[PDB]
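This report concerns only the one structure given below.
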Amino acid sequence: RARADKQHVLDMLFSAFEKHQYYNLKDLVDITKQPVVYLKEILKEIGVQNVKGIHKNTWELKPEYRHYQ
């Protein structure tokens, strides 16, 4: 199924996160035209969220239990 995309999609996040510690959903879709709901479900399990002054949506790969790096 699309788990191939999941595993393969995480690789894209590391490349993205390799350039900057933060990325909003809008920046992630440019790097991957895959449905946000699909990316969000991946970011929801290992990602994080942070609203700021103007409510800047930023996601971060939670390294707390990432056995894969």
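In the structure tokens, chains take letters A, B, ... by order of appearance, with residues numbered from 1 within each chain and ligands from 1 in the order shown.
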Excluding residue 49 (chain A) and any residue of its chain fewer than 6 positions from it, enumerate the residues within 10 Å of it, using only C-alpha atoms, and give them as a short mmCIF file (atom, residue, chain, number, x, y, z; two decimals) with C-alpha atoms, in the first residue's frame.
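And here's selection05.cif as it stands now:
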```cif
data_model
loop_
_atom_site.label_atom_id
_atom_site.label_comp_id
_atom_site.auth_asym_id
_atom_site.auth_seq_id
_atom_site.Cartn_x
_atom_site.Cartn_y
_atom_site.Cartn_z
CA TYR A 22 10.92 23.75 11.77
CA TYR A 23 8.55 23.25 8.79
CA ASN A 24 4.87 24.26 8.44
CA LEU A 25 2.34 22.07 6.57
CA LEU A 43 3.53 13.88 11.54
CA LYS A 56 2.63 30.00 12.75
CA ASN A 57 1.96 26.30 12.17
CA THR A 58 5.31 24.47 12.62
CA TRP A 59 5.95 20.70 12.80
CA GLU A 60 9.00 18.86 14.24
CA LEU A 61 9.95 15.15 14.12
CA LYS A 62 9.69 14.07 17.76
#
```
Could you give me, as a compact mmCIF listing (two decimals) with N, CA and C atoms, in the first residue's frame, the residues within 9 Å of residue 63 (chain A), counting only C-alpha atoms and dropping anything in the same chain fewer than 6 positions from it?
```txt
# COMPACT_ATOMS: atom_id res chain seq x y z
N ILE A 46 4.77 10.86 14.90
CA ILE A 46 6.17 11.22 15.30
C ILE A 46 6.40 12.74 15.22
N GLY A 47 5.50 13.46 14.61
CA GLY A 47 5.70 14.94 14.49
C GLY A 47 5.14 15.68 15.70
N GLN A 69 17.04 6.67 12.56
CA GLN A 69 17.65 7.99 12.20
C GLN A 69 18.82 7.73 11.24
```
I need the residue nearest residue 28 (chain A) from this list: A:66, A:10, A:54, A:45. Use only C-alpha atoms for the distance.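 Going through A:66, A:10, A:54, A:45 one by one, the smallest distance to residue 28 (chain A) is for A:10.
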According to DSSP computed on the backbone, where in chain A is there helix (DSSP H, G or I)? Give the residues as a PyMOL selection string. chain A and resi 3-19+25-31+36-46
Atoms to include: N, CA and C atoms. Write the selected residues as a CSV table (one decimal), in the first residue's frame.
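Produced file out.csv, reproduced below:
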```csv
chain,number,residue,atom,x,y,z
A,3,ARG,N,2.4,2.5,2.5
A,3,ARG,CA,3.4,2.5,3.6
A,3,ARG,C,4.7,2.7,3.0
A,4,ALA,N,4.8,2.3,1.7
A,4,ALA,CA,6.1,2.5,1.0
A,4,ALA,C,6.3,4.0,1.0
A,5,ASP,N,5.2,4.8,0.7
A,5,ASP,CA,5.3,6.2,0.7
A,5,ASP,C,5.6,6.7,2.2
A,6,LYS,N,5.0,6.1,3.2
A,6,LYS,CA,5.3,6.6,4.6
A,6,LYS,C,6.8,6.5,4.8
A,7,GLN,N,7.4,5.3,4.7
A,7,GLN,CA,8.8,5.1,5.0
A,7,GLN,C,9.6,6.0,4.0
A,8,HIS,N,9.3,6.0,2.8
A,8,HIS,CA,10.0,6.8,1.8
A,8,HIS,C,9.7,8.3,2.1
A,9,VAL,N,8.5,8.6,2.6
A,9,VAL,CA,8.2,10.0,2.9
A,9,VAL,C,8.9,10.5,4.1
A,10,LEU,N,9.2,9.6,5.1
A,10,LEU,CA,10.0,10.1,6.2
A,10,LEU,C,11.3,10.5,5.7
A,11,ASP,N,11.9,9.8,4.8
A,11,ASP,CA,13.2,10.2,4.3
A,11,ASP,C,13.1,11.7,3.8
A,12,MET,N,12.1,12.0,3.1
A,12,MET,CA,11.9,13.4,2.6
A,12,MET,C,11.9,14.4,3.8
A,13,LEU,N,11.2,14.0,4.9
A,13,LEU,CA,11.1,14.9,6.1
A,13,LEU,C,12.6,15.1,6.6
A,14,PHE,N,13.3,14.1,6.8
A,14,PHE,CA,14.7,14.3,7.3
A,14,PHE,C,15.4,15.2,6.4
A,15,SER,N,15.3,15.1,5.1
A,15,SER,CA,16.1,16.0,4.2
A,15,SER,C,15.5,17.5,4.5
A,16,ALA,N,14.2,17.6,4.6
A,16,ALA,CA,13.6,18.9,4.9
A,16,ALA,C,14.1,19.4,6.3
A,17,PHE,N,13.9,18.5,7.3
A,17,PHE,CA,14.4,18.9,8.6
A,17,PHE,C,15.9,19.0,8.7
A,18,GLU,N,16.6,18.5,7.7
A,18,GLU,CA,18.1,18.6,7.8
A,18,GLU,C,18.5,20.0,7.5
A,19,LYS,N,17.6,20.8,6.8
A,19,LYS,CA,18.0,22.2,6.4
A,19,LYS,C,17.4,23.1,7.5
A,25,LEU,N,3.0,23.0,7.5
A,25,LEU,CA,2.3,22.1,6.6
A,25,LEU,C,2.5,22.6,5.1
A,26,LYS,N,2.4,23.9,4.9
A,26,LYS,CA,2.5,24.5,3.6
A,26,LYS,C,3.9,24.2,3.0
A,27,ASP,N,4.9,24.2,3.8
A,27,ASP,CA,6.3,24.0,3.2
A,27,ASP,C,6.4,22.5,2.9
A,28,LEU,N,5.8,21.7,3.7
A,28,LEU,CA,5.9,20.2,3.5
A,28,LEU,C,5.2,19.8,2.2
A,29,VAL,N,4.1,20.3,1.9
A,29,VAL,CA,3.4,19.9,0.6
A,29,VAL,C,4.3,20.3,-0.6
A,30,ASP,N,4.9,21.4,-0.5
A,30,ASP,CA,5.7,21.8,-1.7
A,30,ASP,C,6.8,20.7,-1.9
A,31,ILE,N,7.3,20.2,-0.8
A,31,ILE,CA,8.3,19.1,-0.9
A,31,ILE,C,7.7,17.8,-1.3
A,36,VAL,N,-2.3,16.2,2.4
A,36,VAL,CA,-1.9,16.6,3.7
A,36,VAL,C,-2.4,15.7,4.8
A,37,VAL,N,-3.6,15.2,4.6
A,37,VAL,CA,-4.2,14.2,5.6
A,37,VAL,C,-3.2,13.1,5.8
A,38,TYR,N,-2.6,12.7,4.7
A,38,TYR,CA,-1.6,11.6,4.7
A,38,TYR,C,-0.4,12.0,5.5
A,39,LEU,N,0.1,13.1,5.1
A,39,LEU,CA,1.4,13.6,5.8
A,39,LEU,C,1.1,13.9,7.2
A,40,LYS,N,-0.1,14.5,7.5
A,40,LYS,CA,-0.4,14.9,8.9
A,40,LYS,C,-0.5,13.6,9.7
A,41,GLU,N,-1.1,12.5,9.2
A,41,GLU,CA,-1.1,11.3,10.1
A,41,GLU,C,0.3,10.8,10.4
A,42,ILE,N,1.2,11.0,9.5
A,42,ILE,CA,2.6,10.6,9.8
A,42,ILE,C,3.2,11.6,10.8
A,43,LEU,N,3.0,12.9,10.6
A,43,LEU,CA,3.5,13.9,11.5
A,43,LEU,C,2.8,13.7,12.9
A,44,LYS,N,1.6,13.3,12.9
A,44,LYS,CA,0.9,13.2,14.2
A,44,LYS,C,1.5,12.1,15.0
A,45,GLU,N,1.9,11.0,14.5
A,45,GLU,CA,2.5,10.0,15.3
A,45,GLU,C,3.9,10.3,15.8
A,46,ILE,N,4.8,10.9,14.9
A,46,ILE,CA,6.2,11.2,15.3
A,46,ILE,C,6.4,12.7,15.2
```
Test item, strand (DSSP E) assignment across chain A, answer as an NGL selection string: :A and (49-50 or 58-59)
